[PDB]
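Residue numbers (the entry's author numbering), protein chains in the order written: chain B, 3 to 501; chain D, 3 to 501; chain A, 3 to 501; chain C, 3 to 501.
Built from N, CA and C at the ideal position, the CB exists for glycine as well.
Worksheet: one structure, shown below.
There are 4 protein chains.
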Amino acid sequence: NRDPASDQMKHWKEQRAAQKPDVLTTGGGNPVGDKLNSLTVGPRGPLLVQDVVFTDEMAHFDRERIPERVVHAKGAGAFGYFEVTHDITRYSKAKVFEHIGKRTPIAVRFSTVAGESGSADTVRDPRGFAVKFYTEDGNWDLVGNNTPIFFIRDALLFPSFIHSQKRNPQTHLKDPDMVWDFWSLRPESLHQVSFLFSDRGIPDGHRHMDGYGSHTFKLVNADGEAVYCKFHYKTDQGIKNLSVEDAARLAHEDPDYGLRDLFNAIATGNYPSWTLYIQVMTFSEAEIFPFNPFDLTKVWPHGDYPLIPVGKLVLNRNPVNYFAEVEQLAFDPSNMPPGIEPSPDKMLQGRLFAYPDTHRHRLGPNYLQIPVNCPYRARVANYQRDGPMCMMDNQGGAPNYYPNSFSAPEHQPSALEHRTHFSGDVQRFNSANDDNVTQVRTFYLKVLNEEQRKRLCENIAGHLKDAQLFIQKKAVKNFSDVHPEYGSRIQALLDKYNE
Amino acid sequence: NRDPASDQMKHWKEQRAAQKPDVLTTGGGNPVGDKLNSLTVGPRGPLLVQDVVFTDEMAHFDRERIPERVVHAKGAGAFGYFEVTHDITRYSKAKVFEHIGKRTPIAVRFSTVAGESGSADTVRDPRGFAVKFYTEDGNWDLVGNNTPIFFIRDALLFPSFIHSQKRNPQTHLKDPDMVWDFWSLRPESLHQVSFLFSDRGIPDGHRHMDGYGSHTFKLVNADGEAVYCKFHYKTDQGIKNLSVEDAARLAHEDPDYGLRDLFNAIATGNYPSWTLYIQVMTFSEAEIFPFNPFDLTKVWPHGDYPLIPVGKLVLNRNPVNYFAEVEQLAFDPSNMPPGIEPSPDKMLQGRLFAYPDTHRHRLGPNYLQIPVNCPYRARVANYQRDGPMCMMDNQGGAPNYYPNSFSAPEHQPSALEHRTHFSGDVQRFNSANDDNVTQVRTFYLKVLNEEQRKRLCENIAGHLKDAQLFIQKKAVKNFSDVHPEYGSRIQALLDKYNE
Amino acid sequence: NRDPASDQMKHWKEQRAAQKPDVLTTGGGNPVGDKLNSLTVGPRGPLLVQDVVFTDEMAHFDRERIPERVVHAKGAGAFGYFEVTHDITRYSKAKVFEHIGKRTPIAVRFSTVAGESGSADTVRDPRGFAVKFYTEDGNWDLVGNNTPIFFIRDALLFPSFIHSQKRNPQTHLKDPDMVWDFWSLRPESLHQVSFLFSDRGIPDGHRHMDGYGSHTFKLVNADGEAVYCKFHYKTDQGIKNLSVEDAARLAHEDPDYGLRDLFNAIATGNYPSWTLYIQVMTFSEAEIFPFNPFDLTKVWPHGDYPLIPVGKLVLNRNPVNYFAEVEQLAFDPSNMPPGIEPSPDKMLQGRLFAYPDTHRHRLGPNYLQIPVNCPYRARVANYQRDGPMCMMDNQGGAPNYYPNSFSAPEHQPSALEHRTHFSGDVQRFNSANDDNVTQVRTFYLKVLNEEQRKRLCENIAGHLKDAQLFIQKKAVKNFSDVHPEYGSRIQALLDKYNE
Amino acid sequence: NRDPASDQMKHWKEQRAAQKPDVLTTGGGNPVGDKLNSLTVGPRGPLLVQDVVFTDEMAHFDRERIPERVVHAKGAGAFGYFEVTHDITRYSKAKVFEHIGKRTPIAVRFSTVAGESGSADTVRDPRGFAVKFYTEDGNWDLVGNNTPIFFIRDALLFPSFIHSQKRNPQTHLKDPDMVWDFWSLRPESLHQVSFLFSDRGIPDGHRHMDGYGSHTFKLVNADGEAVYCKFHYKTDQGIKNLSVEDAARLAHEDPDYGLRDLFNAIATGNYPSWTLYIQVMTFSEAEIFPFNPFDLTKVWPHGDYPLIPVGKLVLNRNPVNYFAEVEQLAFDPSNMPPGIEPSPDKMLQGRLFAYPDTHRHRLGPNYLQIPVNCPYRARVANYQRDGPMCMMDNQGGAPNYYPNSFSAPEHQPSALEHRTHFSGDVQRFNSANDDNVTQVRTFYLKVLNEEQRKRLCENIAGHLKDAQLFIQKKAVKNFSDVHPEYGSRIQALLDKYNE
Ligand code: HEM
């Protein structure tokens, strides 16, 4: 006996009963006589164009690959649902939070960042935990991460950052000089480099990690009052990382550890779950926060702004076809239904654009027409038409201009954005010096126990050692600024590695 | 009031009736509060990225167009059915002919040839008569023209021919020199040229012409008995052609004439139709025919090859959305169910490749998944997977390799290519002089009478006159070779023209 | 000897006198033996997949077409230069206006608006007049039209407007109901529609029409002193239009009359040219302007804001390959170099996005590298990399992240946007009631004379007659709001048309 | 200091020094003022669409990716030349072999097979060794592997084979059930499989393995005489393999072993090199020859058919930009200059279309225009035009149809292919019978020392051990079909692994 995972074709064969096999048809659905032998003139004669069976299937074969995700290319996903267990409708009128017991189906995808399609799960990298909510008011995409913060606070540097986190332009090899020259030049990353290199840097499976909407969002009650929030979905299976030693081990043993684990979990009736919380911040409060409540490289102290439960997140139906249901998955941060809105978070703002952007290029213009991405729990009706690979009925003969005197789709004013005032010059305001240590300090000596406080200091030096010298100093100079003992312990390890 | 075509919107609304307007949603199903004004800071302030309602709409509009067909770009389509009136089973096994009274859903697209998207319907040009049968053995595409022949017999010149017939590479204008140099350099074009400048060069609408398969085909009955044939779908609305003066009027008065005539013909229950006949030929009498039976520039004499009736072609349904149903329609000559096979027709052999090849580019790798293209009357099952914009289940979780031992789609010895023997050197045999006059001569003298010959000559002359002298004399010669007088007449009008 | 355009292939010959024909090769440079005959087994044998030559060509022929422009699909282009003849440096620091007697290469494309690629040139429709300036600070695209205003003033209506301007989704025909239902419901269009149906609605080719920026832009000088402006480039060939009667003739006679006219003019050394002026308005006057200064449906009286000579545009060179240098041509209003900026014009704003966006689809991610679109007069150095069909060296092995301590490109502080203050609530402000008749009323009464008013209403009435009765009522009512006489005239004609 | 690959940026900044850094600009060439801070209204305000600096960069980043090769995604590349050392003149007229000492530029890409973009270098899997010769008669693409045979013999089985070597349709993990089920059912693989698990199954870098043309080819001399040859190029740095435990750790130690290895070799002046040899066999000999001389699972023995030397392949140049030069590199087997022609090898013939076909997909219609793919040591002249992303001048104003009377490119009768008379029926002949054991035996005993045999058997077991029992059964059957002790040794190793 084998595991569910490896027993895939197994179960399929049985579940196919004793019903004869279907017929191998061409793409056009024409019956195929023999597809195991080309069409030739003579036993040793040349290939005839006439073998269209060959062309038909070969042709398709030549185009199965589509561009992989720019970032977060490696991962897996499953389906399940969300169910309300609290009433926060006093905070947001989002139909998804209707009443208690309210269930909305979902799709989830876990993933790393820097690695490519061939990469392995078991490595030190942040993680992607995206949630798609098929609500009655369209789809809501909570494209979150296993962290409440990020390395940078302005989108304009994200590409550059990701660049530094991947291969060298010429060599095509990972490069420390790149990694650390960047981080070192931008301390705002401190807070996050601290989490990545902490024990959390490498979880164990996707099931033993927490989620974070990260950014500061906006909730609008069915009364127009708005308030800021933060999304958190802590694991119920409890945290659980992996020994550096084991990581690199599993790495080459089963580079897809995360996949099968998460997969067998569901196959073996052991469905993973997370608990949804949110922190609330009135506009009054925000005006008070000692920091930028919108800074992505900052958190909200749990004590000052406590979490409120709202619901359960359950995954219990593994995909039936990986390509179709997971690869093709598209999550658009901009996909926020009535009740939730973005904040002036200079990083969340940019994400409003880029995601649907790339999706147009990675998948295609009508990518929202792909099953997995189709908002089937709603009714898409508008004035958009055509485009490549246009399935559906393209909305039939319905009037295609608005406004029209022919009863075509009208807009519901009730779903209007929330009104806020703004005053100030249009400029490129500097966010580089918006405190990149304080919050980090209270992490080192407070959240981290002397036990793991040192571990982190090891993980870093072991990677920082590979960078040039001038680089290593700046880095230390930064850690030092968080805490002298920080850059002191590190500089130690480095000096030794240095012989 | 006015024609049904012009009453489209009026009707669509009256169908709405009691139903109320649908809510205006984004591509993501999110309702919009006001799709008529932008989100800006202040009434005279900047536009914000935050307006994802705009970007959602704008971004789609920007991606509405797909490449138009490289030829036959202008056209119109309709849906109807096929009806078996005669048992021809003793010739072919195609299940579409399975039994008299059998109806097979068909789709059809009419079109011109050279003109682009916005060209006029009423202009001299061959006419496209593509027919699609959704059978249980997959789809059969009978991509015919309104001519039984063509200007050339080697697919290798098709690109060149179309280039000569389209715009000048630098001025972008129509070029008579290009048109005539090519023609004058390839007399094998004379047959189809004659037919082209004849009263049939411009029919009155799409309902007033016949549909031909042109190429010789192959039919194999339930006993595996091979036979050659030709398809003919003669119009039941009678052959009506349009004068040169009126075609010129409509050219600007109504460039979409054919589209309108057709829509309305059906919108008023005036379903046009065509009787589908076919002629048969033996490999014996084939080796006996005085010409290459697969030469696209020739016809099988009626006297020797009487037409055999098969069934009817009724068009009784208009498209509901032109883009999804007509624009995206794709016909591949290679889609022939068991019972219909190609022939050594050089030209035919070429089309076996070109159609799906161009479809993979104009529409996309997965174009067969387009509703209008999907062979629904049949169920597709094979090992091809993925590819961009993959709808449906991607065959869910069935084995993607063949052979296998888990019960998945299989062969069909029943549907195997009819085997024919061939022999001979393998080279690029020259077909430039396989009689390019004989059948034209009989046309020009016995098929036409003095008034038609008169017109035919001015028609040719009125266009040729704009080509360079040397191309003129060049062209004359070819004509005289079909007949001294044929040439002399055109010559006459030429000098007058040169005046 | 005919007009130059007709003798293209003739001169190409002459051009390379003695020079001998080059060897015919495949796309791979492999020389071809015989491009006129297909390689088959025996003179009447099947086609061999081994005939790569054929397959090489056919595959290319099969993908020659790219999506046509979403709007302004039918056009013509040329190249020339822009010479500075007046000092306006006190207004803008743009290097293009840098000094008296300075010439900058420019590219231009003329066009219609709603017609597809096959469409005719001489049809009532605004006319695009896009100019690309290859300047030192990158390219500057002044994407004007032949009118200084437009039909709408908020980008959200554009897709809707265009849709109503094209073909019925189901019939694929032009629908006057669609056209007038829209216009009737959006009275802000009166001005344009009034200009459109006037005499200028159909110029005598491209050479006899003015060009305009339409929008208001902001000009910035060396001390950072800004001012709002308008760009006008008047034809030196003098205004000249076509009678509704001619155009209809030309429509079928020479659908490419504009293309042919412009080409030949240049080909014969009769270079056309426009004089570029600018209208200036300080930030103070804007505050007290009787209308919204960024309202595309309004003009700046010549009386209060005089025109100022800037320089001249001269077209002296025709394209060599239309597809290469014209069809691929791409203009982005976003291409504004230091010294030239946008205004809050809602319409202009949405444009900053849609052009590049649509270009990424029509042409491709790297369309800026196509020769005609490359800023060859400036040096592109940035942190952008990869993408399909990537040419040049991809910036070689240069550091691909910013910031970095390795001497890669750096931003220039002197090229910072002119800051401006804004303050207001963030929301969708309504711009419908913004006076839609004042300026129109002036045009009807003062700008036109009795002769003209007569034609205008004739032209309108001639088209409007086809719209449903209730729609005609609506629109007539709108014209009345402009002027009682205006409505009666049309109404009169209508009554007539209605027998 | 550290290796050359590590000091990449170091050297770049080194040679770049003594210069001022370039100004950062937009794709359009406009200098950016600050690329680190987005444009907003007020320090805590929203992001404006006005920020085209942002959209430009991000939009591009959103499009950096393109689909990876359907197979062989993971690979390294370099450039060098081919030096003729010997005269095989009396075999191929091919200019590349013209004289002794003749230099011809080349490009090479080494790669694994079933692994995706993120996969590791040092794994058991065949190795891809492709070489592109830029010759004056166009490019010659010798697409070889690090072995002279291959699992299958009919193209039709290939896509299916590949599916088994990749991930499961639903679970997405490497699956030995499909791997082995396929191989078991298909015993012709026996040869390669043995080689696959041999000591060579994992080379120590790309520098210590041999290249193989694999298929039988055809050479033609100045006097129309052709023969059937083979291509063998042996490493000069010697065949050095990697242990199963060595490669296993290298897996996570440094998954980019090949890359680093090859980059540094070339970087330090230690250019690798190979010697090209050609086996030969006359058409007569081909006849008398035992089994099928075009069977890809069979080989020619140096015994009866000796290895004739032709020249040297030296690599002395690294890529400057990996994406532009290696990723975009496309090799088409169908690219064969005069003197070299395909052979009846089904598998081969199938590759004749599959390669350019997928290139048009993965790279684009105009891929032969990407610098490194262009046949630059030749001169492209033909009648192909347009297509997306068209560089150059699209052949300028030259006539675009053939034949023509305006002195455009003419074909070369001298380049006509070799005419090989062919006869025989026409149908899908069986191939599963060609002795899948003879040659195989002369390996397990002759070309393989006892020691290797030991671990070889151990390898197959180490993998197969995870396959369904029934699978193993059949698996051994074939092995024993080779020779008893073979399957026996395995069969023993089996039951043990089953605890
Ligand atoms: C009929 C069977 C075969 C088919 C259908 C086939 C198909 C393909 C395809 C589609 C690719 C991807 C091309 C790209 O994306 O650039 C590829 C690449 C490759 N194939 Fe095959 N192949 C076959 C047999 C073989 C054989 C026999 C060899 C060796 C003689 C081989 C060597 C390679 C190599 C080395 C590459 C990588 C080239 C590169 O670096 O770009 N293939 N093959």
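Kindly confirm or deny that the stretch 268-281 of chain D and the stretch 229-247 of chain D touch, where touching means at least three C-beta pairs closer than 8 Å.
Counting Cβ pairs under 8 Å, three or more are found: they touch.
Output the distance between the C-alpha atoms of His-74(A) and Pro-178(B), rounded to the nearest integer angstrom.
50 Å
Can we count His-361(C) as close to the ligand HEM, meaning its CB is less than 7 Å from some heavy atom?
Taking 7 Å as the cut-off, the C-beta of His-361(C) counts as close to a heavy atom of the ligand HEM.
Near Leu-192(A), which residues of its chain fall below 7 Å by C-beta distance, leaving aside the five closest residues on each side in sequence?
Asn-438, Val-439, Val-442, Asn-480 and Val-484
What's the C-alpha gap between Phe-291(A) and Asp-53(D)?
28 Å
Taking Cβ positions only, does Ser-191(D) come closer than 8 Å to chain A?
no
Rounded to the nearest angstrom, how far is the Cβ of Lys-15(B) from that of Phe-408(D), given a contact under 8 Å?
4 Å
Per DSSP, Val-86(B) forms a beta bridge with which residues?
Bridge pairing for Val-86(B): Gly-313(B) [DSSP].
Once the 5 residues before and after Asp-427(B) are set aside, which same chain residues still bring their CB inside 6 Å of it?
none
Using the three-state DSSP reduction, which class does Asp-183(A) fall into: helix, strand or coil?
helix
I'd like the span of the alpha helix (DSSP H) that includes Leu-350(D), first residue to last.
348-364
Is the stretch 245-263 of chain D touching the stretch 111-131 of chain D in the sense that three or more CB pairs, one from each, lie closer than 8 Å?
The stretch 111-131 of chain D vs the stretch 245-263 of chain D: in contact.
For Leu-221(D), which residues in the same chain have their Cβ closer than 7 Å to its Cβ, ignoring the five residues on either side in sequence?
Counting only Cβ-Cβ distances below 7 Å, and skipping sequence neighbours, we find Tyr-93, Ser-94, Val-229, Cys-231, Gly-341 and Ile-342.
Kindly indicate which residue of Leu-350(D), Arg-362(D), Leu-315(D) and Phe-293(D) has the alpha-carbon position closest to the one of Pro-69(D).
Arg-362(D)
What do you reckon, is the C-beta of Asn-147(C) under 7 Å from a heavy atom of the ligand HEM?
yes
Report yes or no: do three or more beta-carbon pairs, one from the stretch 315-332 of chain C and one from the stretch 343-354 of chain D, lie closer than 8 Å?
no
Rounding to the nearest angstrom, what Cα-Cα distance links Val-246(B) and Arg-202(B) in this structure?
Distance between the alpha carbons of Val-246(B) and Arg-202(B) is about 11 Å.
Can you tell me whether DSSP reads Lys-95(B) as helix, strand or coil?
coil
Using a cut-off of 9 Å between C-beta atoms, extract the partners of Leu-187(C) located in chain D.
Ordered by position in chain D, the residues that pass the 9 Å Cβ test against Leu-187(C) are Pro-405, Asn-406 and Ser-407.
For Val-229(C), which residues does DSSP report across the bridge?
According to DSSP, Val-229(C) bridges with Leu-221(C).
From what residue to what residue does the beta strand (DSSP E) around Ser-286(A) run?
It is not in any beta strand (DSSP E) - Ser-286(A) instead sits in the alpha helix (DSSP H) that spans 285-289.
Hey, does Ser-482(A) have any beta-carbon neighbour from chain C nearer than 8 Å?
no
Quick one: what's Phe-131(B) bridged to in DSSP?
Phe-112(B) and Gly-146(B)
Starting from the C-beta of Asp-347(C), find all residues in its chain whose C-beta is less than 7 Å away, skip the five residues before and the five after it, and write them out in chain order.
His-217, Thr-218, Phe-296 and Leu-298
Using the Cβ count rule (16 or more neighbours within 10 Å means buried), how would you classify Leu-144(B)?
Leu-144(B) comes out buried.
If you run the structure through DSSP and keep just helix, strand and coil, what is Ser-119(B)?
Note: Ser-119(B) maps to coil in three-state DSSP.
Name the residue from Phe-135(B), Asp-436(B), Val-110(B) and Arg-209(B) whose alpha carbon lies nearest to the alpha carbon of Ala-96(B).
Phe-135(B)
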